[PDB]
Every structure is written in C-alpha cells, then in structure tokens.
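Down below is the structure, laid out as structure tokens.
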Protein chains: 2
Amino acid sequence: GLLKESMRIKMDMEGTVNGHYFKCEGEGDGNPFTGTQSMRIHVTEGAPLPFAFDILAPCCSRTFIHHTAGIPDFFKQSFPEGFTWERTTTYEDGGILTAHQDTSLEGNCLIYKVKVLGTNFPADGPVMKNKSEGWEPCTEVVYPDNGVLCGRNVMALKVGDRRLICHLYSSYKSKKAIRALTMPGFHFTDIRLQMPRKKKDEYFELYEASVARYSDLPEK
Amino acid sequence: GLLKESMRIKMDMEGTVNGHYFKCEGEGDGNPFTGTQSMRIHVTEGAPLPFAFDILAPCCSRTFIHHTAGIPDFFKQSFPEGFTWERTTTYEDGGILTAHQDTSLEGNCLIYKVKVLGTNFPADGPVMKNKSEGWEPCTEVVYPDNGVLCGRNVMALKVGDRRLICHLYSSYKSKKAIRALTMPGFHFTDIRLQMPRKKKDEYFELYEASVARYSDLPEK
C-alpha cells in the first residue's frame, strides 16, 4: 500500500555524451498500476543539447508497469527499499550509451538519480546531427538471474523512413532482501515511449506506457 | 493463389559447427495462412550430433506467418520466384552461428536449402555439452530497408533455470522485382519454436507458430 494510483516523480540526471557535459531535472507523474506516466525535463546545464535527446529519453521509470497474468512485480515489490538499474545501449552505427540509476521512494514521490556516459557516436550520424524523430514501440525480454532482473531490448530510432537499431543490456537490482521478494519468470514488457513536445533542445516532455505479459502465442 | 492451406516442405541443410560437419534432411507440413508448421529432421551425416540441435532449429520457414492488421506479407508476395534469407546469431557466451537459406516453390511443396557455419562455441558451454532444453518464445523486430526486410531478434536458450541469450541479425531478400512488391512497415513477429520430440541426437521434430502484428500498446 506504499504506492498510490497517482505518484509524483523527481529526477536528476548528470552526464557526458561525446564529450558534451549536461545536467537535467525532471518532474513527472503517473499511475503505477495502469502503467502510464509522463515527465517534463529541463536541461539546466549544457543547453542547448548538441545531440538528439532521444538517446537520453530511455534513461529518464520501472515502477510504472502494468503487470498482467499475475506476473510478480520486481519493482513494486522492491519498495520501501527501492532499487537500482544499470544499462548499456549499443547503437549499430557505433554509439554507446551507458547509464546507472538509483530509484528511491519518499512519501508520494519517486526519486531518480541518473548518471550517463555516451561515447563514439559518429559526428555525421542522426544522434549528433540531432535528426531523430523518437522511438518505435518496443518489447523487452525480462528474466531472473540469482535475484537480479535482467533485460534485453531491441529499439529502433526513427530517422525519416529509416530506422537506427540499438541493443539494450539492462540489470535491475533490488535493495530489498532477496528472501522478502518473489522473482518473476521469463516474460516480456511492451513499452511505448513518446516525446509529445520539445523546445529549444532544452525542454522535453515524455509519455510512456508499459505492460508486462507472456507471449500471445499458444503453447502446443 | 500459389499457396494452399496445406503445404509440404522439403529441406536440405549442410553445415559445420565447431569443426563438426553435418547434413540434415527435413520433411514438414503446415498452414501458411494460420501460420503453423511442423517438421521431421533426420541428421543423415554426422550423427549423433555432438552439440545441441537447438542452435540449428531456427535455421530449419517464413512463408508460414499469420499476418494481421493488413501488414503486407513480404514472403508470400515473393512467390513464385521465392526468396532467400541470411542470418548471423551471436551467443552471449561467445558462439557465432551464421546461415544462408534459399526458399523456392515447386507445385505445392516449399524447398529449403540451408548452409550453416558455427564457430567459437565454448567447449564447456551448454551447446557443445548438449545440455539445452529448447527456446523461449520470442518477438522479432522487422522493418524495411530499400527493398530488403531486416530482422532483429533476442532469443533465450533454456539451460535449467538459466537463460543463454543470443542476438539474431537477419536479412530477407525477395527474388521478385523491387517494383512488383509492397514492402511492409516497421512491425513485430511473435514466434514460438518448440521441439516436441528428439531421438539419439539424430531425429528431431519441430513445431512453430508465427504471427506478424503491431504493438498492442495504444499510441497516445
């Protein structure tokens, strides 16, 4: 009963991408049980961003996943203690984006602290030339490994009619004692991450919906 | 028109995995419109296989995909000329499996010719020790690129309670004229590949169901 149908989100992000330093602050809200959320991000240092904020959008919220079919919820179970995650995203045109994140809960507010390091994005690519148009929907593969939740994802950055593919390797670690938590089995998480509004490469708005589920295909 | 509700399948596979040569013959049948199929495979040379046949199972059929939501069917459009596919699968414990396949149609029978080269599989791993228990269901990301259909997939080989992740990079190329074909947009393909029976590392039976679809998540 620690989580409410309306939760606040506060986020602080610090990072360097291809040598450009930046800091971001985010305020957001969402319904963790229907799995929907939104966030407003202001780049407070390093604006205007000289690269596509799309690559930072997936670093900006796992408590807001609608879990179906009785799949245990690693993230909601982790409270009040909270959790962390770490991720590396490899872009097929060379870029690498790694991030570490800490998620805590105070009252009605989820608190996110994010560190980001991105390297080797091609200077002529859509990320550094800031020519991307958001992400396709995606489906993460999620599975346990000795109390750590592992994630594997294929995402597609929209560049006109073309798609730049990247590969996400994630680990989610609970701060709760492993014995007080029931790990899920192998499953999938549909995610649709959208950026409805952006301004001056400094203000961004994100919306996300997520659903944890099993395969829709029947087992013969 | 050219495809029937019941199609037969003949498959010839030749390959070398970690230096072990093998030859396989397969006979199968399925419904291409409901997207279901089964196949009996006999290793006619190199039996018993000293490695898990699971890694060869995805090389053994894209005509049998149920396409929903009006998604154009690249593979069914490609006939009578047929199509090819190329794939490399990288396993997270080092193994690499490359394959090339030719799909043609004669009367009511689909004819597959498969070439396989696998390298760098760890001698102590579940593949070479033949300790795997089939595949989890998966969801391929499928998208167009100048008349070629590109696929990216994350698959999970079951080894007891642990999962060995591999990454599939696929290209599907039609033998039909580029102008004579309607390319699909970005979409997903759910696949469940199962091995109901196996015998002496020499006889294998596969069942597969496939569905092409869009994300179930509404776009806000």
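We label chains A, B, ... in the order they appear in the structure tokens, count residues from 1 in each chain, and number ligands from 1 in the order shown.
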### Query
Excluding same-chain residues fewer than 6 positions from residue 200 in chain B, what lies within 9 Å of it counting only C-alpha atoms, as a PyMOL selection string?
chain B and resi 47-49
C-alpha atoms of the current selection, written as a PDB file, in the first residue's frame:
```pdb
ATOM      1  CA  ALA B  47      25.035 -38.297 -36.359  1.00  0.00           C
ATOM      2  CA  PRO B  48      24.933 -38.333 -33.426  1.00  0.00           C
ATOM      3  CA  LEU B  49      25.361 -34.564 -33.226  1.00  0.00           C
TER       4      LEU B  49
END
```
#### Entry: Counting only C-alpha atoms, chain A residues within 10 Å of chain B, as a ChimeraX atom specification
/A:136-141,143-146,152-156,161-163,165-167,185-188,190-194,196,207-211,214-220
Write the residues of the preceding selection, restricted to C-alpha atoms, as a tab-separated table (two decimals), in the first residue's frame.
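So the final result, stored in result07.tsv, reads:
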```
chain	number	residue	atom	x	y	z
A	136	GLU	CA	9.32	2.89	-32.19
A	137	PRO	CA	7.42	0.86	-29.61
A	138	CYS	CA	9.49	-1.99	-28.25
A	139	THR	CA	9.28	-5.29	-26.37
A	140	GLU	CA	11.85	-6.03	-23.67
A	141	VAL	CA	12.78	-9.60	-22.73
A	143	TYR	CA	14.25	-12.83	-16.90
A	144	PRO	CA	15.77	-13.62	-13.47
A	145	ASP	CA	19.38	-14.42	-12.61
A	146	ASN	CA	20.05	-15.13	-8.91
A	152	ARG	CA	17.39	-7.38	-23.23
A	153	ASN	CA	15.81	-5.00	-25.70
A	154	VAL	CA	15.96	-4.04	-29.37
A	155	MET	CA	14.95	-0.44	-30.03
A	156	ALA	CA	14.61	1.50	-33.26
A	161	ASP	CA	11.82	6.46	-43.23
A	162	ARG	CA	14.95	4.73	-41.89
A	163	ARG	CA	15.50	3.04	-38.54
A	165	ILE	CA	18.72	-0.08	-34.38
A	166	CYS	CA	20.21	-0.26	-30.91
A	167	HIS	CA	20.55	-3.05	-28.36
A	185	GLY	CA	9.79	-15.88	-14.53
A	186	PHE	CA	10.80	-15.22	-18.12
A	187	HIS	CA	8.40	-12.71	-19.68
A	188	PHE	CA	8.06	-9.69	-21.96
A	190	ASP	CA	5.77	-3.94	-24.05
A	191	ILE	CA	6.89	-0.31	-23.84
A	192	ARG	CA	5.77	2.70	-25.88
A	193	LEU	CA	7.94	5.76	-25.18
A	194	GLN	CA	6.82	9.01	-26.81
A	196	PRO	CA	4.97	14.72	-27.43
A	207	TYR	CA	4.97	9.92	-22.05
A	208	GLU	CA	5.35	6.19	-21.51
A	209	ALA	CA	3.11	3.14	-21.24
A	210	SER	CA	4.37	-0.31	-20.21
A	211	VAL	CA	2.75	-3.74	-19.86
A	214	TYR	CA	3.61	-13.52	-21.58
A	215	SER	CA	3.69	-14.47	-25.24
A	216	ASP	CA	0.36	-14.21	-27.01
A	217	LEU	CA	1.17	-17.41	-28.92
A	218	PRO	CA	-0.43	-20.57	-27.51
A	219	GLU	CA	1.88	-23.37	-26.45
A	220	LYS	CA	1.17	-26.55	-28.42
```
### Shell around residue 82 in chain B at 9 Å using only C-alpha atoms, local window under 4 positions removed, as number ranges by chain
B: 75-78, 102-105, 174-176
Kindly export the residues of the current selection with N, CA and C atoms, as a short mmCIF file (atom, residue, chain, number, x, y, z; two decimals), in the first residue's frame.
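File written: result-v2.cif
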```
data_model
loop_
_atom_site.label_atom_id
_atom_site.label_comp_id
_atom_site.auth_asym_id
_atom_site.auth_seq_id
_atom_site.Cartn_x
_atom_site.Cartn_y
_atom_site.Cartn_z
N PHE B 75 7.00 -12.37 -47.67
CA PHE B 75 7.39 -13.71 -48.08
C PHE B 75 6.38 -14.30 -49.05
N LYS B 76 5.09 -14.20 -48.73
CA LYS B 76 4.07 -14.70 -49.64
C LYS B 76 4.04 -13.90 -50.94
N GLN B 77 4.32 -12.60 -50.89
CA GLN B 77 4.43 -11.82 -52.12
C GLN B 77 5.59 -12.30 -52.99
N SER B 78 6.66 -12.81 -52.38
CA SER B 78 7.85 -13.15 -53.17
C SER B 78 7.64 -14.29 -54.16
N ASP B 102 17.92 -20.62 -49.01
CA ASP B 102 17.18 -20.37 -50.24
C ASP B 102 15.83 -21.07 -50.15
N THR B 103 14.76 -20.33 -50.43
CA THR B 103 13.40 -20.83 -50.40
C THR B 103 12.81 -20.70 -51.80
N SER B 104 12.42 -21.84 -52.37
CA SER B 104 11.76 -21.90 -53.66
C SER B 104 10.46 -22.69 -53.52
N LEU B 105 9.64 -22.65 -54.57
CA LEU B 105 8.34 -23.31 -54.57
C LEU B 105 8.17 -24.15 -55.83
N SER B 174 13.91 -10.76 -51.46
CA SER B 174 13.00 -11.36 -52.42
C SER B 174 13.68 -11.54 -53.77
N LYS B 175 13.35 -12.64 -54.45
CA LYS B 175 13.78 -12.83 -55.83
C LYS B 175 12.84 -12.15 -56.81
N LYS B 176 11.78 -11.52 -56.32
CA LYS B 176 10.86 -10.75 -57.14
C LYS B 176 11.40 -9.34 -57.36
#
```
### Query
If you run DSSP on this backbone, which residues of range 9-211 of chain B come out as helix (DSSP H, G or I), and could you give them as a PyMOL selection string?
chain B and resi 53-59+74-77+178-180
### Query
Among chain B, which residues carry a DSSP assignment of strand (DSSP E), reported as a PyMOL selection string?
chain B and resi 7-17+20-31+36-45+66-67+83-91+96-106+109-119+138-145+148-159+162-174+187-199+203-213
As a tab-separated table (two decimals) with N, CA, C and O atoms, in the first residue's frame, please: the residues near residue 203 in chain B (cut-off 9 Å, only C-alpha atoms, same-chain neighbours under 2 positions excluded).
```tsv
chain	number	residue	atom	x	y	z
B	40	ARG	N	9.91	-32.90	-39.48
B	40	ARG	CA	10.72	-34.02	-39.03
B	40	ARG	C	12.08	-33.91	-39.70
B	40	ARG	O	12.16	-33.84	-40.93
B	41	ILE	N	13.14	-33.90	-38.89
B	41	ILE	CA	14.50	-33.72	-39.36
B	41	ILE	C	15.29	-34.97	-39.00
B	41	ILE	O	15.21	-35.47	-37.87
B	42	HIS	N	16.03	-35.49	-39.98
B	42	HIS	CA	16.95	-36.60	-39.79
B	42	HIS	C	18.35	-36.09	-40.12
B	42	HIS	O	18.57	-35.55	-41.21
B	43	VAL	N	19.27	-36.23	-39.17
B	43	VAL	CA	20.68	-35.94	-39.44
B	43	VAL	C	21.22	-37.14	-40.22
B	43	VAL	O	21.48	-38.20	-39.65
B	197	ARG	N	9.81	-33.68	-29.90
B	197	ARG	CA	10.46	-34.99	-29.82
B	197	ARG	C	11.88	-34.92	-30.35
B	197	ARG	O	12.19	-34.15	-31.26
B	198	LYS	N	12.75	-35.75	-29.76
B	198	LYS	CA	14.10	-35.95	-30.26
B	198	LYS	C	14.57	-37.35	-29.90
B	198	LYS	O	14.16	-37.93	-28.89
B	199	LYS	N	15.49	-37.87	-30.72
B	199	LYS	CA	15.93	-39.26	-30.67
B	199	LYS	C	17.41	-39.32	-31.01
B	199	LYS	O	17.80	-38.90	-32.11
B	200	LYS	N	18.23	-39.82	-30.08
B	200	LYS	CA	19.62	-40.23	-30.32
B	200	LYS	C	20.46	-39.14	-30.96
B	200	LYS	O	21.42	-39.46	-31.68
B	201	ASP	N	20.12	-37.87	-30.73
B	201	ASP	CA	20.84	-36.75	-31.35
B	201	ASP	C	20.91	-36.94	-32.86
B	201	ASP	O	21.90	-36.60	-33.51
B	205	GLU	N	11.96	-33.40	-34.06
B	205	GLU	CA	10.68	-32.93	-34.55
B	205	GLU	C	10.44	-31.53	-34.02
B	205	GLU	O	10.61	-31.29	-32.82
```
